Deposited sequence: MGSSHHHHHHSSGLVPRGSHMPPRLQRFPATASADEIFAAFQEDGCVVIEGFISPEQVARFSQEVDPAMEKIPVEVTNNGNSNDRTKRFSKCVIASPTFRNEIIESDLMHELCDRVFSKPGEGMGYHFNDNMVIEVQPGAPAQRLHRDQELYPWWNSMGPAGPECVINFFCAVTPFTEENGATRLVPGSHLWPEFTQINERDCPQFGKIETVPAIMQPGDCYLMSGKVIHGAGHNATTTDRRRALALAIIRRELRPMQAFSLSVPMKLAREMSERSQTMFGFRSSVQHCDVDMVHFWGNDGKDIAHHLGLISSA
C-alpha cells in the first residue's frame, strides 16, 4: 500500500539514518539515497548561523538569463567561516565509510578528496535549475555511460527545510542506469519534457547522489532554502576549489590526517618529488 493500487508508481527514493553496506546497496541500485540526520540538529544550526554573516554579504542576481546564479546564493569558504564544519561536519565516520566504498581500492589508501564545500541558498522566487548530471563538470564522463566508474558524489544536506514549494532538489533515481548519458536538452535528450523527477527533507538530512543521476533545483515569497553540498571526487580528478591555497595553514594543522588528504594538504598523486607534500608543509612528525 505505497501508492493507491493501480497507480503509476513514481521513481523510488529509499531513506536511512545505520549499516554502511546497507545504504551503499540503496546507492548502487537507485543512484540516490536520503540519509535522515547526516548532521546533528544543533550542529546544523551551529553551522547555519556561523555562516549567516558570510551569506548576508552575498548580493542576489535578478538576471532571468537561465544560469545557476539567477536568484541563488553560493558560498564555498565553509572551513574558514565555520568551526562546526571543519571540526565536526567534515569528520562523519560514515561519510568516509561510504566514500571508501564508492572510490577506494584495497591497499591503495584513500581514493577520494573534496571537490567543493558549497552552501547553496535558493532565494525565494528563483527559476528552476537546468536538469543535469554532476559529472558534466568532467565533460567526458557521460561518454562512458553507466559502465563507467564513479566520477563524483555529493552528500547534499539540508540547512533550512527542503519542501516541494521552496525549491528542494528534484531527483531522477535510476538515471544512472540509462544506456546513453546525454545533456538534458530537447536537442540532445530524447526524453525531454517526459523525465519524471522526485522532489527531495528536514535540516540535518543529507542525500548521497551519484554523479550519474539527473537532477536540479526547482522554483515562495520568503523562504531562503539553504543547503550544504559535500561534493567528493576520486583522487585523480581536480577540485573546483583550491582549498590548500585558501584555507590557512593554522586550520590545516588542526585537521586529521584523513581530512588533510581531503583538502590536499597530504597526498602518488599531488606529491612533492617522490615525497608526501605533507613533509614540506611541516605536518609529519
| query | finding |
| --- | --- |
| Unmodelled ranges, which are counted on the deposited sequence from position 1 and given in order | 1-12, 30-31, 215, 235-236, 285-294, 313-314 |
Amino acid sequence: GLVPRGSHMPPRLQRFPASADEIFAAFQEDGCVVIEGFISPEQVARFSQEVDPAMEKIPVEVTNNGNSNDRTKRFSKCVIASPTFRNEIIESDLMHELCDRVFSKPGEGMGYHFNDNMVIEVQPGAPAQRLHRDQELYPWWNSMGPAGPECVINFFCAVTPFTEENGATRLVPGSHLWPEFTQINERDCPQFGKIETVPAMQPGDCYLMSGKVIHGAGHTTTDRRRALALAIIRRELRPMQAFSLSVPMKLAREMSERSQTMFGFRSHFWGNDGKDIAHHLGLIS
From here on, numbers count along this sequence of modelled residues.
{"property": "240-248 set against 43-51, stretch whose average Cα temperature factor tops the other in the entry", "result": "43-51"}
{"property": "Segment of higher mean CA temperature factor, 144-152 or 125-133", "result": "125-133"}
{"property": "Which of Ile195, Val102, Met110, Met118 ranks first by CA B-factor in the deposited coordinates", "result": "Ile195"}
{"property": "Modelled-residue ranking by C-alpha temperature factor, third containing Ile58", "result": "middle"}
{"property": "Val213 CA temperature factor, ranked by third within the chain", "result": "lowest"}
{"property": "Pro199 - which third its CA temperature factor falls in, relative to the rest of the chain", "result": "highest"}
{"property": "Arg253 by Cα B-factor - lowest, middle or highest third of the modelled chain", "result": "middle"}
{"property": "For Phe85, the third of its chain into which the C-alpha B factor falls", "result": "middle"}
